[PDB]
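Residue numbers (this note's numbering), protein chains in the order written: chain A, 354 to 763; chain B, 55 to 328; chain C, 271 to 675; chain D, 5 to 187; chain E, 530 to 578.
Reviewing the structure listed below.
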Amino acid sequence: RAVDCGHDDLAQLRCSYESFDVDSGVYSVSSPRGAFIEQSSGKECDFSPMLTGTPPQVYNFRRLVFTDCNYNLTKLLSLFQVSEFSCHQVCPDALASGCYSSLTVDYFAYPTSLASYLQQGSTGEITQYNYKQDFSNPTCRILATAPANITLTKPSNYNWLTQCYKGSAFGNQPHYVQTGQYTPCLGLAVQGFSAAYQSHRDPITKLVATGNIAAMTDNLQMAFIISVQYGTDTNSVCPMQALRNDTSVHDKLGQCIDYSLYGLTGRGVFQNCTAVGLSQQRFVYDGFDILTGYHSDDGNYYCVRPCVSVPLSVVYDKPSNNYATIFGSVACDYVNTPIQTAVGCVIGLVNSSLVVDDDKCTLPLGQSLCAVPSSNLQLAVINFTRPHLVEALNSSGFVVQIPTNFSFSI
Amino acid sequence: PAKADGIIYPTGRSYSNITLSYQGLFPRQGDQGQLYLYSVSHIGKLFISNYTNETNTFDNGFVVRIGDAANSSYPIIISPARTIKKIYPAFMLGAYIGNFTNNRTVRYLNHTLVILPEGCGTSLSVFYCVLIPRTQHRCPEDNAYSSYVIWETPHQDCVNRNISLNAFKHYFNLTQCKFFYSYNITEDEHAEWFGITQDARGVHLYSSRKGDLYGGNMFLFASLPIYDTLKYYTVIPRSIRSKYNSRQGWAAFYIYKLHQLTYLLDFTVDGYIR
Amino acid sequence: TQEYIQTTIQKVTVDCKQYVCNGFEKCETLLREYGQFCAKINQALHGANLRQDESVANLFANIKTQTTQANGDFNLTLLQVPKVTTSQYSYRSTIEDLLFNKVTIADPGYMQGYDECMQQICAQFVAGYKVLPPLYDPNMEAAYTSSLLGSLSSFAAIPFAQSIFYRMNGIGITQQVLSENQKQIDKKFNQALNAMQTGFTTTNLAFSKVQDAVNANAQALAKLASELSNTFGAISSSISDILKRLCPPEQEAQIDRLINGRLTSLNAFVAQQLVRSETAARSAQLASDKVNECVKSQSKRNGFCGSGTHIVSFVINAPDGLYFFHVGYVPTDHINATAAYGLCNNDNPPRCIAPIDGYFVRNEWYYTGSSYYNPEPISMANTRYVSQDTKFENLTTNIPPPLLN
Amino acid sequence: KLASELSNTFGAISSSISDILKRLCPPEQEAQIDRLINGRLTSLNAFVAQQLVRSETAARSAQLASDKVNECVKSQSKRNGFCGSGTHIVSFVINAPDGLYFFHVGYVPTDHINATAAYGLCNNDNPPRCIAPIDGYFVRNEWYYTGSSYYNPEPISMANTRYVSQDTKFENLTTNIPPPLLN
Amino acid sequence: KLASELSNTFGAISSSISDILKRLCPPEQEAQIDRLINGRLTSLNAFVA
Ligand SMILES: *[C@@H]1O[C@H](CO)[C@@H](O[C@@H]2O[C@H](CO)[C@@H](O[C@@H]3O[C@H](CO)[C@@H](O)[C@H](O)[C@@H]3O)[C@H](O)[C@H]2NC(C)=O)[C@H](O)[C@H]1NC(C)=O
Ligand SMILES: *[C@@H]1O[C@H](CO)[C@@H](O[C@@H]2O[C@H](CO)[C@@H](O[C@@H]3O[C@H](CO)[C@@H](O)[C@H](O)[C@@H]3O)[C@H](O)[C@H]2NC(C)=O)[C@H](O)[C@H]1NC(C)=O
Ligand SMILES: *[C@@H]1O[C@H](CO)[C@@H](O[C@@H]2O[C@H](CO)[C@@H](O)[C@H](O)[C@H]2NC(C)=O)[C@H](O)[C@H]1NC(C)=O
Ligand SMILES: *[C@@H]1O[C@H](CO)[C@@H](O[C@@H]2O[C@H](CO)[C@@H](O)[C@H](O)[C@H]2NC(C)=O)[C@H](O)[C@H]1NC(C)=O
Ligand SMILES: CCCCC/C=C\C/C=C\CCCCCCCC(=O)O
Ligand SMILES: *[C@@H]1O[C@H](CO)[C@@H](O)[C@H](O)[C@H]1NC(C)=O
Ligand SMILES: *[C@@H]1O[C@H](CO)[C@@H](O)[C@H](O)[C@H]1NC(C)=O
Ligand SMILES: *[C@@H]1O[C@H](CO)[C@@H](O)[C@H](O)[C@H]1NC(C)=O
Ligand SMILES: *[C@@H]1O[C@H](CO)[C@@H](O)[C@H](O)[C@H]1NC(C)=O
Ligand SMILES: *[C@@H]1O[C@H](CO)[C@@H](O)[C@H](O)[C@H]1NC(C)=O
Ligand SMILES: *[C@@H]1O[C@H](CO)[C@@H](O)[C@H](O)[C@H]1NC(C)=O
Ligand SMILES: *[C@@H]1O[C@H](CO)[C@@H](O)[C@H](O)[C@H]1NC(C)=O
Ligand SMILES: *[C@@H]1O[C@H](CO)[C@@H](O)[C@H](O)[C@H]1NC(C)=O
Ligand SMILES: *[C@@H]1O[C@H](CO)[C@@H](O)[C@H](O)[C@H]1NC(C)=O
Ligand SMILES: *[C@@H]1O[C@H](CO)[C@@H](O)[C@H](O)[C@H]1NC(C)=O
Ligand SMILES: *[C@@H]1O[C@H](CO)[C@@H](O)[C@H](O)[C@H]1NC(C)=O
Ligand SMILES: *[C@@H]1O[C@H](CO)[C@@H](O)[C@H](O)[C@H]1NC(C)=O
Ligand SMILES: *[C@@H]1O[C@H](CO)[C@@H](O)[C@H](O)[C@H]1NC(C)=O
Ligand SMILES: *[C@@H]1O[C@H](CO)[C@@H](O)[C@H](O)[C@H]1NC(C)=O
Ligand SMILES: *[C@@H]1O[C@H](CO)[C@@H](O)[C@H](O)[C@H]1NC(C)=O
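So this is what it looks like as structure tokens:
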């Protein structure tokens with residue numbers, strides 16, 4: 354013997370209770386239709402500064418910040434051969450198929466033989482004096498090799514700061530790079546280092562910078578530290594592979610549809626609405642950071658609501674094996690014989706204007722309504738019997754009711 | 055904060071008819087800030103204060119209250135009457151400082167972020183440049199040098215496009231310049247608000263002329279690509295050369311340092327912070 | 271003295287799958303491993319709501335009255351149903367209408383709440399819970415209360431003025447004082463009743479209890495809605511952000527944190543709803559005991575009804591309970607009088623006497639009521655024969671007639 | 005619930021300790037066993053707190069059962085509806101699986117007769133003397149005493165009646181005077 | 530019980546914030562600190578209830 358939970362709301366109840374037989378009672382049973390894609394006209398991110406000139410070293414890293422542009426990720430991944438990547442709170446497939454509000458890229462010439470010194474908890478010279486990765490946004494660290502046919506010009510060698518200190522009569526005072534900032538010894542080290550353990554000195558600030566040399570490889574090896582942000586700008590940075598054609602919302606209003614509103618992905622219910630909030634920001638939020646409205650290009654304001662489920666109830670009667678479905682607190686227009694009741698639309702009950710005394714009601718349906726098995730299920734109304742009325746007498750004394758005959762009740 | 059003074063509006067989003075707690079760069083309550091006044095010249099020699107000899111620290115940034123008392127009549131600073139207009143501050147921010155050959159004022163080594171109002175207050179020009187001092191009579195490589203200024207002669211001007219710039223070029227040689235941005239300003243007399251802050255994504259400039267012009271809420275309008283940490287700023291002394299019959303007043307401005315504080319913001323139905 | 275006793279709590283059922291996964295199809299595959307916990311949560315909530323419905327039916331069956339009667343100088347306008355009604359309910363009283371207008375309750379919506387929330391609490395459909403309707407609509411509860419307002423094995427049809435006369439004669443005041451001061455009694459009664467509408471303010475204990483009873487349900491619903499914003503160590507509290515920002519070997523790890531966190535929070539919601547549900551059932555038993563003692567009869571027990579000597583009390587409907595109006599007898603002035611333990615004659619067998627519900631006060635010896643000073647002649651109706659005591663007053667000049675021969 | 009909280013995996017690869025030991029490694033065995041340890045300790049804390057609420061509830065309800073025995077079982081209760089329905093006569097108590105089970109015998113009427121009653125009766129003497137009944141009424145069909153719970157017209161007597169003060173609500177008798185009102 | 534709930538490690542390397550700060554690196558400190566934060570906020574909810 355088996356039960357297909359799907360077919361009927363009573364099954365669902367039997368599968369939830371995990372028993373072929375369930376008692377009589379009023380139980381509760383468990384209860385992406387389009388696309389609204391809105392995007393800008395289009396703009397290309399300028400990746401030429403990294404792909405054109407000579408790459409800099411670890412201490413003198415160059416940083417590009419991109420906002421409100423589209424970039425060809427496939428072309429960039431075709432230009433470079435990735436040796437090793439390690440991401441934090443994000444994955445590169447989500448970088449391929451998503452949009453972010455900003456994109457910060459730090460790139461420099463870096464040998465793959467020193468790839469362990471760029472790691473998360475490393476204590477080498479690179480982390481102490483050259484570059485410290487910042488872990489406060491979703492970020493990735495990519496080490497890639499540039500082929501010989503690329504437009505980049507290989508440097509003379511690989512340089513990095515070995516130590517950077519200052520001061521006298523207190524010993525050496527080590528100066529250590531900050532999280533995501535340049536080293537204090539940058540002005541001494543801009544010229545670079547030519548021999549191993551070559552030391553440069555500045556007489557004004559009494560700062561000393563010492564470097565180290567790695568031989569230049571056959572193919573230029575470069576390192577990337579990218580970082581992404583969410584919910585910062587009105588526009589967004591999106592890969593060209595994630596761009597889809599625009600769709601309007603003049604139809605499909607009032608249904609749970611997926612939206613891509615200038616890079617904002619989610620699902621919800623859109624309704625035409627009176628304009629609130631500031632138009633320029635474009636996105637109206639609530640206290641909890643849920644998208645409340647969207648000031649659209651069409652010109653209309655659309656108050657966004659998360660798509661919901663209509664609550665369900667089952668009025669099961671075990672002796673007659675008859676059930677009815679209550680749609681909780683929703684009118685019968687939406688459900689579209691259903692009958693509108695004080696507890697919502699219900700299908701499976703007939704209305705016959707029958708009244709049942711309190712104590713005769715075995716299936717109470719919310720308010721003063723009942724389902725009786727008189728087989729078919731009928732909608733009733735609970736009404737208690739009014740007390741016996743003893744009429745007063747206009748005469749000198751009063752009228753009293755004294756018991757004749759009795760019984761014993763336990 | 056009951057008038058929402060110096061409040062940077064959240065970027066990329068808006069709120070409507072709610073109150074929520076925000077942590078960000080906000081000024082302290084009851085902070086008087088720093089008074090800076092721009093006066094009128096003697097047409098004689100220029101009249102300035104010692105706004106250049108002071109060493110200010112950028113920290114997290116600052117907010118400038120521009121245009122207060124832009125309709126009141128006060129005695130002139132140089133003749134202690136006349137109506138008072140609104141003047142725009144000129145800034146000079148850099149990461150590294152040094153000294154001139156005469157050890158006077160502040161020099162900014164390497165790349166310097168210079169913000170100058172342009173076109174007699176009709177536009178704002180922002181550039182990162184390395185400025186190399188000039189060797190002349192009163193220019194900063196001489197013993198006769200006192201301070202560097204920028205001057206606008208309202209007589210005789212306005213419309214010269216490079217008046218603030220030619221005033222800056224009088225003192226420095228602009229070489230190695232990464233960028234030059236220009237933003238147009240409509241001529242008004244409303245009290246405004248301006249902010250500068252540096253993040254990991256560059257230098258952000260905020261203003262109340264973008265949105266909430268009649269109030270005080272500041273909105274982002276420029277994200278400058280400066281990634282070296284700014285450590286010092288100086289207010290360039292600005293002087294106006296006009297006749298004795300033409301002397302007119304100029305509103306002072308206040309600079310309040312920003313701090314990492316928690317604020318409770320009240321939003322209206324229109325979305326503003328009041 | 272107004273007293274509120276809480277009868278119900280808000281019946282809330284939770285759709286566990288909708289609450290945990292929010293309709294994201296990748297979450298249901300992970301939740302199928304945690305299959306039985308959602309069913310156990312639903313079964314526990316269903317049992318709690320069923321027990322609360324049984325308690326409501328038992329209370330409203332206990333407070334019904336077998337016979338009723340169809341008002342002197344007493345003004346019972348407030349207690350009775352308004353002749354022209356400002357209330358959508360035809361059985362509600364005026365004072366019940368005032369009490370329900372001064373307490374603010376969010377309208378859950380039982381007939382068309384979904385359409386009202388879709389046009390232009392409404393968080394039930396979003397979060398995944400649902401407020402079940404109460405067992406009786408407020409019209410039927412007001413009908414029960416109004417039938418009780420009309421009101422042993424025998425029923426006497428004496429009017430309200432006669433009932434007040436007998437109830438205030440039973441506490442110590444003699445018949446002569448009630449006959450002489452009838453107009454003042456009616457004026458004092460009507461005036462006290464007229465302060466009931468002005469008593470529905472703050473810094474009142476019963477109204478504060480009503481407000482806290484209203485606020486407890488809202489606090490429970492707010493906790494249930496706000497536990498969905500907890501990240502539980504994940505990168506976001508939204509399933510969509512996890513699914514669109516991460517990759518499948520790491521998505522199931524982070525979606526799970528949300529699954530395990532939300533089920534534990536739901537379990538703690540079920541546990542605190544069980545404590546509140548059994549707490550509200552013992553109150554209903556108390557509320558009926560109070561109806562059967564203070565309302566259906568005159569209570570001789572001190573302090574159970576309101577302050578002072580109890581005379582009569584009325585009960586109306588309140589948000590999630592019943593609201594009482596205990597009319598008591600309090601004195602404002604008093605006189606110090608010399609009383610006697612008893613009086614004995616000078617016969618050869620000494621016969622001694624003692625008062626009933628009164629004192630033998632002086633200014634020779636007179637009888638007065640225990641709750642009002644009115645010196646009356648000592649009679650056989652006022653006094654009971656008692657054995658002699660040495661602290662009794664041996665009176666020989668003027669002897670009351672019950673001690674004569 | 006206590007037995008079924010052991011089936012929760014708590015984010016681990018399995019809810020069984022042996023499966024974790026036989027499928028994982030001494031670096032990551034303790035990372036998953038500690039998830040079972042922390043999850044089960046929190047589950048035990050929720051069970052203990054639930055039992056403390058249930059124990060203090062049954063301890064107060066056992067005091068209610070002792071008061072119900074002392075009022076309904078050991079004596080006849082004069083309260084209205086405290087024990088059962090109708091007028092209380094006698095009660096019995098037996099043992100239940102987790103408490104005490106009571107059987108409250110009550111006097112309930114079935115039929116009734118409307119009768120004309122009197123507040124009291126007074127004679128025609130120059131000092132008026134008045135009487136009032138106890139545990140009953142003065143009914144007709146001239147005036148007879150009857151019980152307060154059963155209709156049975158009986159002759160008025162001293163036993164049936166108590167004296168009272170003169171009231172204007174009382175009936176004044178001239179024709180037939182009961183023996184307690186005789187001079 | 531309220532004082533003894535602060536001695537629970539909740540799966541971290543230590544129950545002290547100071548030990549987590551001086552023994553781990555910023556990729557992994559917020560992973561263990563959030564474990565202590567979520568554990569103590571849940572134990573505070575049980576104390577209030
Ligand atoms: C800020 O500006 C100062 C001044 O221009 C910069 O210092 C200069 O840095 C360059 C390159 O780092 C130095 O040039 C080098 O000179 C040596 C010979 O001394 C030569 O062998 C090298 O090939 C290279 O050309 C220059 O001497 C040095 N000048 C001074 C006065 O320090 C500084 O680097 C700038 N800071 C930043 C962060 O760019
Ligand atoms: C100095 O005086 C001038 C006089 O014009 C002030 O300009 C005026 O400022 C008020 C500020 O409330 C402006 O009123 C606004 O009008 C807009 C419609 O344009 C309305 O939507 C706003 O709600 C508000 O009522 C007024 O328009 C403006 N005058 C002009 C000609 O633009 C200036 O604000 C004064 N400055 C100071 C510092 O007191
Ligand atoms: C992203 O870059 C790739 C390669 O640089 C582009 O692919 C080329 O598209 C043109 C036109 O369709 C073809 O003729 C080439 O053969 C393609 N090359 C490769 C290697 O696929 C692609 O079109 C770019 N995407 C966008 C949106 O411009
Ligand atoms: C800053 O302070 C210095 C003093 O150290 C001022 O330098 C003086 O300038 C005047 C005017 O040219 C000369 O007569 C003095 O000889 C200078 N003194 C020294 C010690 O150099 C400088 O003018 C001040 N800058 C201001 C006020 O902007
Ligand atoms: C390799 C020499 C090992 C010497 C071992 C003796 C003592 C070392 C004590 C602690 C080791 C910390 C350094 C671990 C490697 C850092 C990797 C890097 O630098 O990026
Ligand atoms: C530290 O102590 C050493 C030796 O006692 C001394 O040479 C040095 O100057 C001291 N440094 C500081 C900063 O106190
Ligand atoms: C997308 O829209 C463009 C119009 O710019 C159209 O040419 C193209 O065919 C569309 N593609 C799809 C898949 O709808
Ligand atoms: C949306 O509503 C606005 C005002 O409420 C109205 O001006 C506009 O025409 C409406 N648009 C549609 C498509 O109904
Ligand atoms: C049932 O039918 C009667 C008669 O038409 C009607 O008055 C009543 O409202 C109906 N009840 C419901 C719940 O529709
Ligand atoms: C219930 O019955 C009473 C009389 O017995 C009547 O006045 C009232 O209208 C009835 N109510 C319903 C809902 O049937
Ligand atoms: C009481 O009623 C029962 C049935 O209702 C009947 O059998 C019995 O005779 C009656 N007794 C009297 C005294 O009327
Ligand atoms: C704004 O909020 C207040 C209270 O928070 C409310 O009374 C008012 O109706 C709201 N206004 C609008 C337009 O929603
Ligand atoms: C500027 O001059 C004033 C003169 O009162 C003086 O108080 C102030 O310290 C000076 N500022 C600097 C930086 O020297
Ligand atoms: C510039 O010279 C003055 C002269 O005393 C000195 O106080 C100041 O510290 C110097 N500043 C720099 C940046 O060297
Ligand atoms: C500036 O200060 C430095 C600091 O020692 C000094 O060597 C130099 O001589 C000073 N120059 C002048 C012009 O005062
Ligand atoms: C500044 O630029 C002018 C332009 O011709 C040049 O003559 C002068 O020598 C420059 N000054 C310095 C200090 O380089
Ligand atoms: C700024 O104003 C000038 C002068 O009216 C005009 O030539 C220029 O195009 C404007 N720029 C922008 C961006 O509006
Ligand atoms: C009884 O009190 C109500 C309260 O407003 C009043 O309207 C009514 O007139 C009063 N009754 C009499 C008879 O005065
Ligand atoms: C009354 O007489 C009794 C009998 O001797 C005596 O004990 C008592 O003290 C007397 N009381 C007074 C007040 O005289
Ligand atoms: C006598 O009895 C009648 C009976 O109705 C009553 O009305 C009246 O008040 C009594 N007293 C007098 C003094 O008539």
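We treat Cβ as the ideally placed atom computed from N, Cα and C, and that holds for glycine.
*Measuring CB to CB, does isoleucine 562 (chain E) end up less than 8 Å from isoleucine 546 (chain E)?*
Taking 8 Å as the Cβ cut-off, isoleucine 562 (chain E) and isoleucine 546 (chain E) qualify as a contacting pair.
*Is DSSP giving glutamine 454 (chain C) helix, strand or coil here?*
Note: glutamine 454 (chain C) maps to helix in three-state DSSP.
*Between the stretch 621 to 628 of chain A and the stretch 576 to 593 of chain A, do three or more beta carbon pairs fall short of 8 Å?*
When C-beta atoms of the stretch 621 to 628 of chain A are compared with those of the stretch 576 to 593 of chain A, fewer than three pairs fall below 8 Å, so the two segments do not count as touching.
*By the criterion of Cβ-Cβ separation under 8 Å, what are the contact partners of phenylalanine 539 (chain C) in chain E?*
Against chain E, a Cβ distance below 8 Å from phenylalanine 539 (chain C) picks out nothing, because the smallest value is about 10 Å.
*Given that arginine 564 (chain E) touches chain C, what residues does it touch there, using C-beta distances under 7 Å?*
Going along chain C in sequence order, the residues near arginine 564 (chain E) (Cβ under 7 Å) are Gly503.
_Run through chain D and tell me which residues come within less than 7 Å of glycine 750 (chain A), C-beta to C-beta._
Those are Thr120, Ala121, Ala122, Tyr123, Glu175, listed as they occur along chain D.
*When the cut-off is 8 Å and only beta carbons count, does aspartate 377 (chain C) lie next to chain A?*
No, its Cβ sits nowhere closer than 8 Å to a Cβ of chain A.
*Using only the heavy atoms of ligand 1, determine whether one of them is closer than 7 Å to the beta carbon of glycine 540 (chain A).*
Yes, the beta carbon of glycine 540 (chain A) sits closer than 7 Å to at least one heavy atom of ligand 1.
*asked:* Quick check on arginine 188 (chain B): does DSSP put it in helix, strand or coil?
replied: Per DSSP, reduced to three states, the secondary structure at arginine 188 (chain B) is coil, with no helix or strand assignment.
*Whole-number beta carbon distance between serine 641 (chain C) and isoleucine 434 (chain C), since they are thought to touch under 8 Å*: With a Cβ gap of about 14 Å, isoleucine 434 (chain C) and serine 641 (chain C) do not count as contacting.
*Any heavy atom of ligand 17 closer than 7 Å to the CB of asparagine 238 (chain B)?*
Taking non-hydrogen atoms of ligand 17 into account, the C-beta of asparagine 238 (chain B) is found less than 7 Å away from one of them.
_CA nearest to the CA of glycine 395 (chain A), picked from A:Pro402, A:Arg415, A:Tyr424_ = Its Cα nearest to that of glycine 395 (chain A), the residue A:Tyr424 stands out among A:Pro402, A:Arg415, A:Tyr424.
*Residue range of the unbroken beta strand (DSSP E) whose run includes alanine 388 (chain A)*: Per DSSP, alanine 388 (chain A) is one residue of the beta strand (DSSP E) stretching across 388 to 391.
_Please report the distance separating the alpha-carbon of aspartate 511 (chain C) from that of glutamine 442 (chain A)._
C-alpha separation (whole angstroms): 11 Å.
_Please tell me whether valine 57 (chain D) has its Cβ less than 8 Å away from any Cβ of chain G._
Looking at the structure shown, chain G is missing, and the protein chains on hand are A, B, C, D and E.
*What are the boundary residues of the beta strand (DSSP E) that includes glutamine 693 (chain A)?*
From DSSP, the beta strand (DSSP E) with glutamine 693 (chain A) extends over 692 to 694.
_Just checking: is the beta-carbon of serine 423 (chain C) within a distance shorter than 8 Å of some beta-carbon in chain D?_
Yes, its Cβ sits closer than 8 Å to a Cβ of chain D.
*Is the beta carbon of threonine 338 (chain C) less than 8 Å from the beta carbon of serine 421 (chain C)?*
Contact flag set, yes.
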